[PDB]
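The file data.cif contains mmCIF, N, CA and C atoms:
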```
data_structure
#
loop_
_atom_site.group_PDB
_atom_site.id
_atom_site.type_symbol
_atom_site.label_atom_id
_atom_site.label_comp_id
_atom_site.auth_asym_id
_atom_site.auth_seq_id
_atom_site.Cartn_x
_atom_site.Cartn_y
_atom_site.Cartn_z
ATOM 1 N N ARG U 460 220.463 172.732 -47.901
ATOM 2 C CA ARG U 460 221.288 173.842 -48.449
ATOM 3 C C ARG U 460 220.612 174.494 -49.653
ATOM 4 N N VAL U 461 219.289 174.379 -49.723
ATOM 5 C CA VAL U 461 218.533 174.959 -50.825
ATOM 6 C C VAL U 461 218.468 176.478 -50.705
ATOM 7 N N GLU U 462 218.174 176.963 -49.503
ATOM 8 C CA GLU U 462 218.080 178.400 -49.266
ATOM 9 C C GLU U 462 219.334 179.106 -49.770
ATOM 10 N N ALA U 463 220.486 178.513 -49.487
ATOM 11 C CA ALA U 463 221.759 179.070 -49.920
ATOM 12 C C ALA U 463 221.876 179.024 -51.439
ATOM 13 N N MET U 464 221.276 178.000 -52.039
ATOM 14 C CA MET U 464 221.304 177.836 -53.487
ATOM 15 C C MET U 464 220.521 178.953 -54.170
ATOM 16 N N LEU U 465 219.370 179.293 -53.599
ATOM 17 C CA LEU U 465 218.527 180.348 -54.150
ATOM 18 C C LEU U 465 219.221 181.701 -54.045
ATOM 19 N N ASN U 466 219.989 181.884 -52.976
ATOM 20 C CA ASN U 466 220.710 183.131 -52.757
ATOM 21 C C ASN U 466 221.766 183.342 -53.836
ATOM 22 N N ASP U 467 222.400 182.254 -54.258
ATOM 23 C CA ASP U 467 223.430 182.322 -55.289
ATOM 24 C C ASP U 467 222.857 182.865 -56.592
ATOM 25 N N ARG U 468 221.776 182.247 -57.061
ATOM 26 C CA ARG U 468 221.129 182.671 -58.297
ATOM 27 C C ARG U 468 220.765 184.151 -58.238
ATOM 28 N N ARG U 469 220.403 184.615 -57.046
ATOM 29 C CA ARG U 469 220.036 186.012 -56.850
ATOM 30 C C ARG U 469 221.282 186.877 -56.703
ATOM 31 N N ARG U 470 222.283 186.348 -56.010
ATOM 32 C CA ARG U 470 223.533 187.060 -55.806
ATOM 33 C C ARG U 470 224.188 187.358 -57.141
ATOM 34 N N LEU U 471 224.535 186.294 -57.850
ATOM 35 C CA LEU U 471 225.168 186.415 -59.159
ATOM 36 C C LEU U 471 224.341 187.304 -60.082
ATOM 37 N N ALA U 472 223.017 187.203 -59.979
ATOM 38 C CA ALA U 472 222.130 188.014 -60.803
ATOM 39 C C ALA U 472 222.308 189.488 -60.474
ATOM 40 N N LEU U 473 222.487 189.774 -59.191
ATOM 41 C CA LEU U 473 222.689 191.141 -58.735
ATOM 42 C C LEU U 473 224.078 191.615 -59.138
ATOM 43 N N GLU U 474 225.079 190.807 -58.819
ATOM 44 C CA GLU U 474 226.455 191.129 -59.160
ATOM 45 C C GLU U 474 226.623 191.220 -60.674
ATOM 46 N N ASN U 475 225.780 190.492 -61.402
ATOM 47 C CA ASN U 475 225.839 190.488 -62.859
ATOM 48 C C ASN U 475 225.381 191.824 -63.435
ATOM 49 N N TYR U 476 224.235 192.315 -62.972
ATOM 50 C CA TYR U 476 223.718 193.585 -63.461
ATOM 51 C C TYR U 476 224.635 194.728 -63.036
ATOM 52 N N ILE U 477 225.221 194.595 -61.850
ATOM 53 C CA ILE U 477 226.136 195.605 -61.332
ATOM 54 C C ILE U 477 227.331 195.766 -62.266
ATOM 55 N N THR U 478 227.742 194.666 -62.883
ATOM 56 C CA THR U 478 228.866 194.697 -63.809
ATOM 57 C C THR U 478 228.575 195.665 -64.950
ATOM 58 N N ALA U 479 227.372 195.562 -65.506
ATOM 59 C CA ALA U 479 226.960 196.440 -66.592
ATOM 60 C C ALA U 479 226.892 197.882 -66.105
ATOM 61 N N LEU U 480 226.581 198.049 -64.821
ATOM 62 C CA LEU U 480 226.495 199.373 -64.220
ATOM 63 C C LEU U 480 227.836 200.093 -64.328
ATOM 64 N N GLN U 481 228.911 199.360 -64.058
ATOM 65 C CA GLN U 481 230.259 199.917 -64.118
ATOM 66 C C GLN U 481 230.811 199.898 -65.543
ATOM 67 N N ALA U 482 230.141 199.159 -66.428
ATOM 68 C CA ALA U 482 230.561 199.044 -67.829
ATOM 69 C C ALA U 482 231.140 200.353 -68.364
ATOM 70 N N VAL U 483 230.387 201.438 -68.212
ATOM 71 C CA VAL U 483 230.829 202.750 -68.673
ATOM 72 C C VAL U 483 231.280 202.703 -70.135
ATOM 73 N N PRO U 484 230.381 203.029 -71.085
ATOM 74 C CA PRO U 484 228.998 203.423 -70.791
ATOM 75 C C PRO U 484 228.126 202.229 -70.405
ATOM 76 N N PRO U 485 227.334 202.354 -69.325
ATOM 77 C CA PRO U 485 226.459 201.274 -68.866
ATOM 78 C C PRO U 485 225.181 201.173 -69.690
ATOM 79 N N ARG U 486 224.647 199.961 -69.792
ATOM 80 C CA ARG U 486 223.423 199.726 -70.550
ATOM 81 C C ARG U 486 222.213 199.658 -69.624
ATOM 82 N N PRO U 487 221.606 200.814 -69.301
ATOM 83 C CA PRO U 487 220.434 200.867 -68.423
ATOM 84 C C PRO U 487 219.329 199.920 -68.877
ATOM 85 N N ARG U 488 219.353 199.553 -70.155
ATOM 86 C CA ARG U 488 218.351 198.650 -70.706
ATOM 87 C C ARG U 488 218.753 197.194 -70.513
ATOM 88 N N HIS U 489 220.051 196.940 -70.448
ATOM 89 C CA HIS U 489 220.540 195.587 -70.243
ATOM 90 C C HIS U 489 220.591 195.298 -68.755
ATOM 91 N N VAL U 490 220.949 196.325 -67.998
ATOM 92 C CA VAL U 490 221.037 196.223 -66.553
ATOM 93 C C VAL U 490 219.660 195.979 -65.945
ATOM 94 N N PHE U 491 218.633 196.590 -66.536
ATOM 95 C CA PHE U 491 217.272 196.418 -66.045
ATOM 96 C C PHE U 491 216.816 194.974 -66.254
ATOM 97 N N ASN U 492 217.405 194.310 -67.244
ATOM 98 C CA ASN U 492 217.064 192.926 -67.543
ATOM 99 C C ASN U 492 217.480 192.011 -66.399
ATOM 100 N N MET U 493 218.772 191.999 -66.084
ATOM 101 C CA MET U 493 219.278 191.162 -65.000
ATOM 102 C C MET U 493 218.468 191.385 -63.728
ATOM 103 N N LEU U 494 217.959 192.601 -63.564
ATOM 104 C CA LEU U 494 217.168 192.945 -62.393
ATOM 105 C C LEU U 494 215.914 192.081 -62.305
ATOM 106 N N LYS U 495 215.155 192.024 -63.397
ATOM 107 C CA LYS U 495 213.933 191.230 -63.426
ATOM 108 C C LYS U 495 214.236 189.762 -63.141
ATOM 109 N N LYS U 496 215.449 189.332 -63.487
ATOM 110 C CA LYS U 496 215.866 187.953 -63.239
ATOM 111 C C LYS U 496 216.231 187.789 -61.773
ATOM 112 N N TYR U 497 217.032 188.723 -61.270
ATOM 113 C CA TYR U 497 217.452 188.699 -59.878
ATOM 114 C C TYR U 497 216.232 188.806 -58.967
ATOM 115 N N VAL U 498 215.261 189.604 -59.397
ATOM 116 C CA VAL U 498 214.033 189.796 -58.640
ATOM 117 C C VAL U 498 213.255 188.488 -58.537
ATOM 118 N N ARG U 499 213.036 187.842 -59.678
ATOM 119 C CA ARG U 499 212.312 186.577 -59.711
ATOM 120 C C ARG U 499 212.971 185.556 -58.786
ATOM 121 N N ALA U 500 214.268 185.731 -58.553
ATOM 122 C CA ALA U 500 215.017 184.832 -57.684
ATOM 123 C C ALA U 500 214.662 185.071 -56.223
ATOM 124 N N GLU U 501 214.669 186.338 -55.816
ATOM 125 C CA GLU U 501 214.342 186.697 -54.442
ATOM 126 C C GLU U 501 212.925 186.252 -54.095
ATOM 127 N N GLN U 502 212.065 186.190 -55.109
ATOM 128 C CA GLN U 502 210.684 185.772 -54.914
ATOM 129 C C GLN U 502 210.624 184.310 -54.489
ATOM 130 N N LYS U 503 211.348 183.460 -55.209
ATOM 131 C CA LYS U 503 211.384 182.035 -54.902
ATOM 132 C C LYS U 503 211.909 181.808 -53.488
ATOM 133 N N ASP U 504 212.824 182.673 -53.059
ATOM 134 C CA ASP U 504 213.403 182.573 -51.724
ATOM 135 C C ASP U 504 212.338 182.814 -50.660
ATOM 136 N N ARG U 505 211.544 183.862 -50.852
ATOM 137 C CA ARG U 505 210.480 184.200 -49.914
ATOM 138 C C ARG U 505 209.518 183.029 -49.754
ATOM 139 N N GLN U 506 209.061 182.494 -50.882
ATOM 140 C CA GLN U 506 208.142 181.363 -50.872
ATOM 141 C C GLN U 506 208.802 180.145 -50.236
ATOM 142 N N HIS U 507 210.122 180.056 -50.373
ATOM 143 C CA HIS U 507 210.873 178.944 -49.807
ATOM 144 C C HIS U 507 210.862 179.014 -48.285
ATOM 145 N N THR U 508 210.845 180.234 -47.758
ATOM 146 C CA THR U 508 210.824 180.441 -46.317
ATOM 147 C C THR U 508 209.536 179.890 -45.719
ATOM 148 N N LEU U 509 208.416 180.171 -46.380
ATOM 149 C CA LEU U 509 207.117 179.697 -45.921
ATOM 150 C C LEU U 509 207.129 178.183 -45.746
ATOM 151 N N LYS U 510 207.688 177.486 -46.731
ATOM 152 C CA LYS U 510 207.771 176.031 -46.686
ATOM 153 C C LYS U 510 208.583 175.576 -45.479
ATOM 154 N N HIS U 511 209.628 176.332 -45.157
ATOM 155 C CA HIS U 511 210.485 176.012 -44.022
ATOM 156 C C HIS U 511 209.731 176.193 -42.709
ATOM 157 N N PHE U 512 208.857 177.194 -42.670
ATOM 158 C CA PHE U 512 208.067 177.477 -41.482
ATOM 159 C C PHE U 512 207.251 176.256 -41.068
ATOM 160 N N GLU U 513 206.511 175.703 -42.023
ATOM 161 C CA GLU U 513 205.674 174.535 -41.767
ATOM 162 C C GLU U 513 206.507 173.259 -41.695
ATOM 163 N N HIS U 514 207.585 173.211 -42.471
ATOM 164 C CA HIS U 514 208.456 172.042 -42.489
ATOM 165 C C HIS U 514 209.070 171.809 -41.116
ATOM 166 N N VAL U 515 209.742 172.827 -40.593
ATOM 167 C CA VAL U 515 210.362 172.726 -39.282
ATOM 168 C C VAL U 515 209.304 172.511 -38.205
ATOM 169 N N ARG U 516 208.101 173.023 -38.458
ATOM 170 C CA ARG U 516 206.997 172.886 -37.519
ATOM 171 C C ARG U 516 206.517 171.441 -37.444
ATOM 172 N N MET U 517 206.779 170.671 -38.497
ATOM 173 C CA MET U 517 206.369 169.273 -38.536
ATOM 174 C C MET U 517 207.449 168.381 -37.930
ATOM 175 N N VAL U 518 208.684 168.607 -38.354
ATOM 176 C CA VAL U 518 209.820 167.829 -37.867
ATOM 177 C C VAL U 518 210.286 168.305 -36.495
ATOM 178 N N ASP U 519 210.429 169.618 -36.339
ATOM 179 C CA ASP U 519 210.882 170.192 -35.075
ATOM 180 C C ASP U 519 209.924 171.277 -34.584
ATOM 181 N N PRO U 520 208.749 170.881 -34.070
ATOM 182 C CA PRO U 520 207.744 171.828 -33.567
ATOM 183 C C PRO U 520 208.255 172.652 -32.389
ATOM 184 N N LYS U 521 209.116 172.045 -31.578
ATOM 185 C CA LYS U 521 209.674 172.712 -30.408
ATOM 186 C C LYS U 521 210.518 173.913 -30.814
ATOM 187 N N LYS U 522 211.525 173.671 -31.646
ATOM 188 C CA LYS U 522 212.405 174.741 -32.104
ATOM 189 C C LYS U 522 211.729 175.567 -33.191
ATOM 190 N N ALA U 523 210.815 174.940 -33.926
ATOM 191 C CA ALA U 523 210.091 175.623 -34.991
ATOM 192 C C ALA U 523 209.488 176.926 -34.485
ATOM 193 N N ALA U 524 208.933 176.877 -33.279
ATOM 194 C CA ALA U 524 208.326 178.053 -32.670
ATOM 195 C C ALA U 524 209.392 179.046 -32.222
ATOM 196 N N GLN U 525 210.560 178.526 -31.858
ATOM 197 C CA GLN U 525 211.666 179.367 -31.409
ATOM 198 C C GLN U 525 212.373 180.010 -32.595
ATOM 199 N N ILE U 526 212.416 179.292 -33.712
ATOM 200 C CA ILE U 526 213.070 179.796 -34.912
ATOM 201 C C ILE U 526 212.145 180.703 -35.721
ATOM 202 N N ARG U 527 210.855 180.699 -35.377
ATOM 203 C CA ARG U 527 209.867 181.526 -36.062
ATOM 204 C C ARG U 527 210.404 182.931 -36.325
ATOM 205 N N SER U 528 210.971 183.545 -35.292
ATOM 206 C CA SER U 528 211.524 184.890 -35.407
ATOM 207 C C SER U 528 212.613 184.942 -36.471
ATOM 208 N N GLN U 529 213.342 183.841 -36.620
ATOM 209 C CA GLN U 529 214.409 183.762 -37.607
ATOM 210 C C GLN U 529 213.825 183.607 -39.008
ATOM 211 N N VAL U 530 212.874 182.692 -39.150
ATOM 212 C CA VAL U 530 212.228 182.464 -40.434
ATOM 213 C C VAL U 530 211.518 183.734 -40.893
ATOM 214 N N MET U 531 211.015 184.496 -39.926
ATOM 215 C CA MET U 531 210.325 185.743 -40.217
ATOM 216 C C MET U 531 211.270 186.732 -40.885
ATOM 217 N N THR U 532 212.409 186.989 -40.246
ATOM 218 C CA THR U 532 213.393 187.913 -40.796
ATOM 219 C C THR U 532 213.790 187.489 -42.207
ATOM 220 N N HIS U 533 213.678 186.191 -42.483
ATOM 221 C CA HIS U 533 214.012 185.661 -43.796
ATOM 222 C C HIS U 533 213.139 186.311 -44.862
ATOM 223 N N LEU U 534 211.830 186.327 -44.621
ATOM 224 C CA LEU U 534 210.897 186.940 -45.563
ATOM 225 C C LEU U 534 211.205 188.425 -45.714
ATOM 226 N N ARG U 535 211.410 189.094 -44.584
ATOM 227 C CA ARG U 535 211.728 190.518 -44.593
ATOM 228 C C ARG U 535 213.035 190.756 -45.334
ATOM 229 N N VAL U 536 214.000 189.868 -45.117
ATOM 230 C CA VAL U 536 215.297 189.977 -45.773
ATOM 231 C C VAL U 536 215.132 189.978 -47.291
ATOM 232 N N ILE U 537 214.174 189.197 -47.779
ATOM 233 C CA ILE U 537 213.909 189.118 -49.210
ATOM 234 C C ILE U 537 213.577 190.502 -49.769
ATOM 235 N N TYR U 538 212.584 191.151 -49.170
ATOM 236 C CA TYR U 538 212.168 192.479 -49.608
ATOM 237 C C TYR U 538 213.148 193.546 -49.125
ATOM 238 N N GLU U 539 213.616 193.397 -47.891
ATOM 239 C CA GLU U 539 214.562 194.344 -47.313
ATOM 240 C C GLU U 539 215.840 194.395 -48.138
ATOM 241 N N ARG U 540 216.397 193.224 -48.431
ATOM 242 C CA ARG U 540 217.615 193.140 -49.224
ATOM 243 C C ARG U 540 217.405 193.788 -50.585
ATOM 244 N N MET U 541 216.199 193.631 -51.128
ATOM 245 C CA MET U 541 215.867 194.212 -52.423
ATOM 246 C C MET U 541 216.102 195.716 -52.403
ATOM 247 N N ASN U 542 215.839 196.331 -51.254
ATOM 248 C CA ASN U 542 216.031 197.767 -51.097
ATOM 249 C C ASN U 542 217.516 198.109 -51.089
ATOM 250 N N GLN U 543 218.323 197.195 -50.553
ATOM 251 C CA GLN U 543 219.765 197.397 -50.487
ATOM 252 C C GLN U 543 220.373 197.412 -51.886
ATOM 253 N N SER U 544 219.910 196.500 -52.735
ATOM 254 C CA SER U 544 220.404 196.410 -54.103
ATOM 255 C C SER U 544 220.140 197.707 -54.859
ATOM 256 N N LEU U 545 218.974 198.299 -54.617
ATOM 257 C CA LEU U 545 218.599 199.545 -55.271
ATOM 258 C C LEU U 545 219.576 200.660 -54.913
ATOM 259 N N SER U 546 220.066 200.637 -53.677
ATOM 260 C CA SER U 546 221.012 201.644 -53.215
ATOM 261 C C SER U 546 222.330 201.536 -53.974
ATOM 262 N N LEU U 547 222.731 200.304 -54.272
ATOM 263 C CA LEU U 547 223.972 200.057 -54.994
ATOM 264 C C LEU U 547 223.918 200.686 -56.377
ATOM 265 N N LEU U 548 222.797 200.498 -57.059
ATOM 266 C CA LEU U 548 222.618 201.060 -58.386
ATOM 267 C C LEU U 548 222.241 202.532 -58.279
ATOM 268 N N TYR U 549 221.524 202.883 -57.213
ATOM 269 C CA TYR U 549 221.130 204.270 -56.998
ATOM 270 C C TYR U 549 222.355 205.172 -57.028
ATOM 271 N N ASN U 550 223.523 204.591 -56.736
ATOM 272 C CA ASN U 550 224.774 205.345 -56.755
ATOM 273 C C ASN U 550 224.866 206.172 -58.033
ATOM 274 N N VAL U 551 224.232 205.669 -59.090
ATOM 275 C CA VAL U 551 224.204 206.352 -60.375
ATOM 276 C C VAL U 551 222.836 206.990 -60.594
ATOM 277 N N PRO U 552 222.575 208.143 -59.953
ATOM 278 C CA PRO U 552 221.296 208.842 -60.072
ATOM 279 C C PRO U 552 220.820 208.944 -61.520
ATOM 280 N N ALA U 553 221.769 208.992 -62.449
ATOM 281 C CA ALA U 553 221.447 209.087 -63.868
ATOM 282 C C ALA U 553 220.834 207.788 -64.380
ATOM 283 N N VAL U 554 221.536 206.682 -64.160
ATOM 284 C CA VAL U 554 221.067 205.372 -64.594
ATOM 285 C C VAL U 554 219.945 204.867 -63.694
ATOM 286 N N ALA U 555 220.114 205.069 -62.394
ATOM 287 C CA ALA U 555 219.134 204.631 -61.408
ATOM 288 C C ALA U 555 217.732 205.138 -61.732
ATOM 289 N N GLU U 556 217.648 206.340 -62.291
ATOM 290 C CA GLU U 556 216.356 206.930 -62.626
ATOM 291 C C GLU U 556 215.805 206.384 -63.942
ATOM 292 N N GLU U 557 216.693 206.069 -64.877
ATOM 293 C CA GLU U 557 216.273 205.534 -66.168
ATOM 294 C C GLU U 557 215.832 204.084 -66.020
ATOM 295 N N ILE U 558 216.603 203.324 -65.254
ATOM 296 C CA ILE U 558 216.306 201.917 -65.026
ATOM 297 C C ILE U 558 215.095 201.742 -64.115
ATOM 298 N N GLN U 559 214.961 202.621 -63.126
ATOM 299 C CA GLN U 559 213.844 202.545 -62.189
ATOM 300 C C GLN U 559 212.508 202.708 -62.906
ATOM 301 N N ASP U 560 212.457 203.637 -63.851
ATOM 302 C CA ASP U 560 211.236 203.892 -64.605
ATOM 303 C C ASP U 560 210.813 202.658 -65.398
ATOM 304 N N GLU U 561 211.760 202.068 -66.118
ATOM 305 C CA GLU U 561 211.478 200.886 -66.927
ATOM 306 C C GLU U 561 211.380 199.628 -66.069
ATOM 307 N N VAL U 562 212.174 199.568 -65.005
ATOM 308 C CA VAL U 562 212.170 198.409 -64.119
ATOM 309 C C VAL U 562 210.815 198.248 -63.440
ATOM 310 N N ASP U 563 210.358 199.301 -62.776
ATOM 311 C CA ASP U 563 209.074 199.268 -62.091
ATOM 312 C C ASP U 563 207.949 198.973 -63.078
ATOM 313 N N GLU U 564 208.091 199.490 -64.296
ATOM 314 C CA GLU U 564 207.090 199.287 -65.336
ATOM 315 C C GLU U 564 207.124 197.857 -65.867
ATOM 316 N N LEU U 565 208.276 197.208 -65.743
ATOM 317 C CA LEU U 565 208.438 195.840 -66.224
ATOM 318 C C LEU U 565 207.831 194.827 -65.252
ATOM 319 N N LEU U 566 207.867 195.151 -63.964
ATOM 320 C CA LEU U 566 207.352 194.252 -62.938
ATOM 321 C C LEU U 566 205.854 194.434 -62.698
ATOM 322 N N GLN U 567 205.292 195.552 -63.152
ATOM 323 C CA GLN U 567 203.860 195.800 -62.971
ATOM 324 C C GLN U 567 203.042 194.621 -63.484
ATOM 325 N N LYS U 568 203.411 194.131 -64.662
ATOM 326 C CA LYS U 568 202.717 193.003 -65.274
ATOM 327 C C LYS U 568 202.800 191.763 -64.389
ATOM 328 N N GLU U 569 203.886 191.653 -63.630
ATOM 329 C CA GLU U 569 204.082 190.512 -62.742
ATOM 330 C C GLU U 569 202.957 190.420 -61.718
#
```

Represent the structure contained in this file as structure tokens.
Amino acid sequence: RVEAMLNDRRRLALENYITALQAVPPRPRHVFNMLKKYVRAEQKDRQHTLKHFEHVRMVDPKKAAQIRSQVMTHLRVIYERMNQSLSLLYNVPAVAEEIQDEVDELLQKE
């Protein structure tokens, strides 16, 4: 149940920044913070998927090959879901543009 555990840290992190979004007035500088945290979470999830790929391949090689397609979507879900979160905040073209500039600039160093 580790995969689900990683999702929580990312979920709450996303739902947490969203709270500031609705704050009104929202803190585009505080909201961008939770983002870098939520992001770092989705990263651990992706890497966690890789481990599952080889793990299931060792314990369950038969199904491991059948679940491959599932484990694959997992990695995509990490980045794909990231795009979904942006849409939620994008709702605020005003904040979305201010946070996006600093957010993208904050992860560059990563």

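Compared by their closest atoms to residue 504 (chain U), and using all atoms listed in the file, the residues U:533, U:527, U:568, U:470 rank with U:533 nearest.
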
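Counting only C-alpha atoms and comparing U:548, U:553, U:517, U:509, the residue that lies closest to residue 534 (chain U) is U:509.
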
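Atom pair CA of residue 508 (chain U) / CA of residue 491 (chain U) has a distance of 26.2 Å (rounded to one decimal).
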
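Of the listed residues (U:464, U:493, U:555, U:537), U:493 comes nearest to residue 476 (chain U); the distances count only C-alpha atoms.
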
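Interatomic distance, CA of residue 477 (chain U) against CA of residue 490 (chain U): 7.3 Å.
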
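For residue 513 (chain U), the set of protein, DNA and RNA residues having any atom at most 10 Å away, when counting only C-alpha atoms and skipping those fewer than 6 positions along the same chain, is residues 519, 520, 523 and 527 of chain U.
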
Legend entry - 12 Å contact set for residue 567 (chain U), only C-alpha atoms, chain neighbours under 6 positions out, as a list in words: residues 495, 560 and 561 of chain U

Legend entry - Top pick for closest residue to residue 497 (chain U), considering U:510, U:460, U:535, U:469 and counting all atoms listed in the file: U:469

Inset, instruction - Decode the PyMOL selection byres (((chain U and resi 478 and name CA) around 12) and name CA) for the given file into explicit residues and return them as a ChimeraX atom specification. - result: /U:471-477,479-487,489-491,493-494,547-548

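Interatomic distance, CA of residue 531 (chain U) to CA of residue 565 (chain U): 28.0 Å.
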
Legend entry - Nearby residues (only N, CA and C atoms) at most 8 Å from residue 538 (chain U), same-chain spacing under 4 positions excluded, as a PyMOL selection string: chain U and resi 501-502+505+532-534+542-543

Could you pull region 522-537 of chain U out of the structure just shown and give N, CA and C atoms as a CSV table (one decimal), in the first residue's frame?
```csv
chain,number,residue,atom,x,y,z
U,522,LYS,N,2.4,-12.6,-14.6
U,522,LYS,CA,1.5,-11.4,-14.6
U,522,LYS,C,2.3,-10.1,-14.8
U,523,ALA,N,3.5,-10.1,-14.4
U,523,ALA,CA,4.4,-8.9,-14.5
U,523,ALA,C,4.4,-8.4,-15.9
U,524,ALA,N,4.4,-9.3,-16.9
U,524,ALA,CA,4.4,-8.9,-18.3
U,524,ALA,C,3.0,-8.5,-18.7
U,525,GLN,N,2.0,-9.0,-18.1
U,525,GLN,CA,0.6,-8.7,-18.4
U,525,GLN,C,0.2,-7.3,-17.8
U,526,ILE,N,0.8,-7.1,-16.6
U,526,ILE,CA,0.5,-5.8,-15.9
U,526,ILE,C,1.4,-4.7,-16.4
U,527,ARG,N,2.4,-5.0,-17.2
U,527,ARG,CA,3.3,-4.0,-17.8
U,527,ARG,C,2.5,-2.8,-18.3
U,528,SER,N,1.5,-3.0,-19.0
U,528,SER,CA,0.7,-1.9,-19.6
U,528,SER,C,0.1,-1.1,-18.5
U,529,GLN,N,-0.2,-1.7,-17.3
U,529,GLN,CA,-0.8,-1.0,-16.2
U,529,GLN,C,0.3,-0.2,-15.5
U,530,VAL,N,1.5,-0.8,-15.3
U,530,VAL,CA,2.6,-0.1,-14.6
U,530,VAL,C,3.0,1.1,-15.5
U,531,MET,N,2.9,0.9,-16.8
U,531,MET,CA,3.3,1.9,-17.8
U,531,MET,C,2.4,3.2,-17.5
U,532,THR,N,1.1,3.0,-17.6
U,532,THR,CA,0.2,4.1,-17.4
U,532,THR,C,0.4,4.8,-16.1
U,533,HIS,N,1.0,4.1,-15.1
U,533,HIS,CA,1.4,4.6,-13.8
U,533,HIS,C,2.3,5.8,-14.0
U,534,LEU,N,3.4,5.5,-14.8
U,534,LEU,CA,4.4,6.6,-15.0
U,534,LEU,C,3.8,7.8,-15.7
U,535,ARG,N,3.0,7.5,-16.8
U,535,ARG,CA,2.3,8.5,-17.5
U,535,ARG,C,1.4,9.3,-16.6
U,536,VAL,N,0.7,8.6,-15.7
U,536,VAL,CA,-0.3,9.2,-14.8
U,536,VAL,C,0.4,10.2,-14.0
U,537,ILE,N,1.7,10.0,-13.6
U,537,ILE,CA,2.5,10.9,-12.8
U,537,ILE,C,2.6,12.2,-13.5
```
